Structures are given as structure tokens and as C-alpha cells.
């Protein structure tokens, strides 16, 4: 909830794909369904952030097939929420002196993706939560105290972002050793409130 007028609430940016919405599991399900005769990558075997790069190493042409999954209508809209994500963000947004924004990057093909990201937020958090969405390719220009995001290295135009990046565990980053003092949130079952409280005055 917002701080009193003029006051300064803790500000938390919560990523969408891989944090709120199960991009990797959705991707694999639809890839298997659409391309049953191709090899796939089990979630346990995912390595590197970019799904299509691993698929391309698997077999010539599989990268383009992978891309066609997320370019398709209803791919973003039909992603399942991660366990605990909706409940946690609803709780988080209800906390005193706490402003939560959902901060997400749309893909390059923009016909469906931005629209469906709005629709997905509406479906799970309600119409009033649409006020909290920020779409950007560059999260470094968004100022906050915390950014909870599955992408290990987040860089952009601002060489010194204001947020602390808390790495949200995902199949593709779960084996990564991080530079101290970088922190992880394992899942939404993990103690996200402690992380927030550690940033409060």
C-alpha cells in the first residue's frame, strides 16, 4: 500500500516471466504438443537463459520452432502462475509502506504479447492492479529498492541501478554460483518478507 502523501514506500519490482508466470513449463508443454516428433529439453536439463539457444544446439532448425511457440497467440495469456506467486504478490501489495510494480519485458513480436500480459495481470490480480504494470526492455531505468527477477545478469542504459537484484530461482539458473553479496529467492514459498524487511529503514 502507498505511503502517506509525500512519504516514501519501499518499492519492489516483480518480474513476470519466470517469477509470476511459468514461461519455461508453458513453453515445454506447447512445444511438445505442437512438435511431437522433435527432441525437447527437460526442465531439469535447461542451461543458459535463452531457451532458443539451447534448442538450436540440440538440432539445426529447432531454434525457429521454439520461437514460434512464444510468437503464437495465447502463449503469454495461457501461462500458469508459479505456485504461490499470486498469493505472495497480493500479500506484498497489501503491506504498509510497500509499492509493488510488475516489471516485464515484452518480446520483439508485439502483436499479442503486451496485450496478453495486461490480460493475464487482470485475470489474476484484478483490474485495479493494471496501474502497477511497467513494460520495458530495459529494467535498469526503472528505480526501486528491489528487483525480483530470474534473469541472472540484468544490464542496460543505467550503469548503477537503484534496485538490489534478488535472483529468483528458475530451472535455467538453479546451478549458478553468484557473486557475493548477491541474494536468491528460491521460490515464493521462500521468505520473501525477510528480504523486503532488510531494505526498510
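Residue numbers count along the first chain shown, from 1.
So 73-81 or 90-98, which one's hotter by mean CA B-factor in the entry?
Mean CA B-factor is higher for 90-98.
Identify the stretch, either 179-187 or 17-25, whose C-alpha atoms have the larger mean B-factor according to the entry.
Taking the mean B-factor of the alpha carbons in each, 179-187 is higher.
Which of these, 157, 171, 62, 135, has its C-alpha atom at the highest B-factor, as the entry lists it?
If I rank 157, 171, 62, 135 by C-alpha B-factor, first place goes to 62.
Which listed residue, 67, 142, 58, 148, has the largest C-alpha temperature factor in the record?
Among 67, 142, 58, 148, the highest C-alpha B-factor in the entry belongs to 58.
Compare the C-alpha B factor of residue 50 with those of the other modelled residues in its chain, then answer lowest, middle or highest third.
Middle third by C-alpha B-factor.
With respect to C-alpha B-factor, does residue 40 fall in the lowest, middle or highest third of the chain as deposited?
Highest third of the chain for residue 40's C-alpha B-factor.
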